[PDB]
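For the numbers below, each heavy atom of this structure counts, side chains included, while hydrogens, waters and symmetry mates do not. Within every chain, numbering begins at 1; the chains are lettered A, B, ... in the order of the sequence lines, protein sequences first and strands thereafter.
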Amino acid sequence: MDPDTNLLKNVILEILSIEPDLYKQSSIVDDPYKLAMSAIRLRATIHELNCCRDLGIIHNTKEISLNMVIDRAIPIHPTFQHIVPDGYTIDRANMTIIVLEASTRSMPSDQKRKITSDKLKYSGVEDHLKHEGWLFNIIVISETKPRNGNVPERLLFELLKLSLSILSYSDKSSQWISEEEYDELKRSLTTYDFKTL
Amino acid sequence: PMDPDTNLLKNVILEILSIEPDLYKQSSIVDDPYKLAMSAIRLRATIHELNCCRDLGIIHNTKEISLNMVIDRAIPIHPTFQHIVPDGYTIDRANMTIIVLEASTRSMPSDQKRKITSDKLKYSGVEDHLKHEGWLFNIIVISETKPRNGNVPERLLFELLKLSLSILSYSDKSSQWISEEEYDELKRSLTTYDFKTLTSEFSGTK
Amino acid sequence: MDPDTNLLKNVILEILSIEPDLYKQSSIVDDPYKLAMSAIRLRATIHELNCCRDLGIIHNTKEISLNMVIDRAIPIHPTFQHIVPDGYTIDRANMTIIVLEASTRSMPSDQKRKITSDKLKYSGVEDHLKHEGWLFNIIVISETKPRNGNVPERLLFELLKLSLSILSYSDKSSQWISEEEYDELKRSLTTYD
Amino acid sequence: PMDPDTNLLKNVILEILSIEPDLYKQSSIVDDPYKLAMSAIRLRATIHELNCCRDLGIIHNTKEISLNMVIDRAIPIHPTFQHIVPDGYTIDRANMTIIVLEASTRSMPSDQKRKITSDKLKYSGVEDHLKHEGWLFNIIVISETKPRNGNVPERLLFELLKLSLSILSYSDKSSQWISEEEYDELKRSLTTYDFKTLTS
């Protein structure tokens, strides 16, 4: 297992030199399992960050809630359901609030189910902001691969490959990762579109 | 200048994770003061979640499976629900019952009420669907003034809060790491501890 | 010194996440020498715990003596030599007592000498218990490496490697560890495969 | 609930280690009441050993070398002995004499006699073997009602005992940390504590 964590550590460190904002969530620990899980979260966080850049919105790394987003646009409003969006912006000029939900899923049928589950969180919110005089655009993205942006795809591939390598090697991985998440990542690796890499 | 507080907070976190090692997989110990402060704040919340789960006899959801995945483990065929990640859950197939837990700390009772309302509102419609299938779906929502400490000494929960706030209060550059609301909530939480705890020297383990 | 001790602290936490009962003897202090000595004791304790698991007996972390063990089985008995076994069990239904002495030594010749010294502690005890119709089974284990059980060997190696690195760093170590134990640990590390 | 006891016991141990810094290597200060209570109880026994060794002019065996190792240092060749770790030792090479010390505390004289017997019995055969190799072997065995406190005020030793027992008496979670037999021995020492030496 020794070569895999050492390379994964260097992969993570190289990604941070390209996108230093990811330092807030990264880890370079020696524990191979903890390092693998942080690489998996980093993969998802890279996708979010690049979706936020492409949309010109704030990456919600401080994890403020939908209620707190709306607070910065309309101080008085009913208490909505608890939601933490991946990204948001408040356009005071245009009286518009944008929220983003971004994910990766290897198969199109899972992307559609993920998109649905994410959209369902927001029931009723647009109606309330409709009445209270604001535009509320919910953007929901679920794509086959994480958007790499400035990060070479080679590095995102190695996040996936090395983490699964670490996690497949042993029994005790099941304390760290659900069968669902492991299966989704393994499918993304086995069906990886290598044409781009 | 932040080094003494940062070195002490590392020792607090190390001691807590020695006492309750189930938390190790959800935590982290780094030398960066702001990153360490945020890990301490997350650990405070995770300790609360853990002990609420223990007190209720349910699973602490550290793998962060969603509501849809919980229901998959009870009823293979079901419509897609909203995306929710509960703090804890259990599936009692004997009693055809699912329990989900939402746990939080909020220092002021009016904030506790709004938090409880926001958390329970995530689950709109779910109970009806499960009762339609003959199942019980019990949503337990707890919001308390202080974190439940369980086996962790309360002084260490306190030090997570005081040392992280001391680090974050040195320069408002920490605003990039923590929101105004969370920072203010933690400041309010600090004022609910007694004067002796707030002012006494703490030296950690030796 | 801080790279080694920072790593050693996280090695200790990882081990505790797998075997939480080792918290009774663990340390995560900042003093590198105290931390290294604690990691050396943890190494031996892991071996004890896993030997106890393999034998199905109680790891004696409360350090009850042989006289105390026999008091629990046979209330009236002559005073025996003071011994604290690494593990024990009392099977009252079958009138059987088991005690364990577990250790590591790098050289097979030193394993045999260690086994002999641990066995010799118990002279006369089995004869007294057998005279009352009890069995008294003394299990003595001295192996090249700690039994790691559920703990990855990686972590047991790091306990040894990082502790010795800290301790070889200065003759400050002389206040913390005897030449005999340091030499034996250095043997275990230099011959570690 | 255990917080006042824990806070005070932490400071008691800190004060003791200020007085006898050598104890720092052997002791621990933590914030967990149970682990701190066991540290305090172990420290109480270690203070007794330290002062017995000092009072007799012998080495406190803090690195826990075995009897075989002690004899290895004095005599090149010898049979493997039983494993023993004395509380203290001294090798007087010029007078070809080895001294070992076993020190303990027990509340009752009858238990002191039994403990003395159990410690002496560890050493069966050793004196005779060493006589054959030209060496004198003296075994000193001490079991007293209170720990010898030396530089440490007895009030601090009393607090080690009282506060650790207060913590451990609270609940059954203590059964993970201490045997019933050791708890009873310590509680006996507290209930029959002779306060006349605390007055003086």
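For D:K35, no part lies under 4.5 angstrom from a heavy atom of chain B. At a 4.5 Å heavy-atom cutoff, B:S18 makes no contact with chain D through either its backbone or its side chain. Heavy-atom distances place the side chain of B:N151, and not its backbone, under 4.5 Å from chain D. Only the side chain of D:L14 has a heavy atom closer than 4.5 Å to any heavy atom of chain B.
When each of D:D32, D:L36, D:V30, D:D31 is checked for heavy-atom pairs under 4.5 Å with chain B, D:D31 comes out on top.
Checking D:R42, D:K187, D:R188 one by one against D:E182, the salt bridge (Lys or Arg N to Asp or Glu O under 4.0 Å) holds for a single residue, D:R42.
In terms of modelled atom types and a separation under 3.5 Å, the side chain of B:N51 and the main chain of B:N149 share a donor-acceptor contact. Between the D:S118 side chain and the D:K115 main chain, a donor and an acceptor come within less than 3.5 Å of each other.
Using cut-offs of 30° and 60° for the angle between ring planes, the D:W177 and D:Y34 rings count as parallel. Below 30°, between 30° and 60°, or above 60°: for D:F81 and D:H129 the angle between ring planes is above 60°, a perpendicular geometry.
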